[PDB]
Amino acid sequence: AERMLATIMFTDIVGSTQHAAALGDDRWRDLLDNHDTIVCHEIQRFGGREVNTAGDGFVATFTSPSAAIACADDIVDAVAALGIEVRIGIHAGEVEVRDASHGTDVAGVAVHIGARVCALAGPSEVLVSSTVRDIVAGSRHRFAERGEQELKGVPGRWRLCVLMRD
């Protein structure tokens, strides 16, 4: 492995648990396979790379912060077409790449920060660390600043920004 700079994207179906319960396993299952084939499609489209992909959501790394943001914005719309909303979290940082000619994985506190931003993201909302915003500054993307959302005893403090889509 090597320490590499990367932009990490985390996806999560909103009220996924209530959803499965209000639907039944048969329909829930079908809805899941649709979402996965969709999201996985967008990610690959925008040159992203799926890393370990966990639960009712995904995790992917992009070599371009802009791409990752474009992907996330497109995903939010493509899944809303299924009746379900997704919440997305993005972060960028160096990470240990447990890479492999298959399911190449990643690890480091950067990964935990991403996952943590995803959890704070609202329905059909793309949330990102101020880190992600500063580093694409100069691009067409714009964001609104939420403020400081102290993260699970993580060293320092973090501000989060919502991508203003359209």
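Residues carry their position along the shown sequence, with the first being 1.
- As the entry records it, the average C-alpha temperature factor is higher for 24-32, out of 24-32 and 135-143.
- Between the stretches 58-66 and 43-51, it is 43-51 that shows the larger average CA temperature factor.
- Of all the options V111, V97, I38, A121, the entry's greatest CA B-factor is assigned to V97.
- Compared with the other modelled residues of the chain, the Cα B-factor recorded for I88 ranks in the lowest third.
- For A1, the recorded CA B-factor ranks within the highest third of the chain. Only modelled residues enter the ranking.
- Sorting the modelled residues of the chain by their CA temperature factor places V76 in the lowest third.
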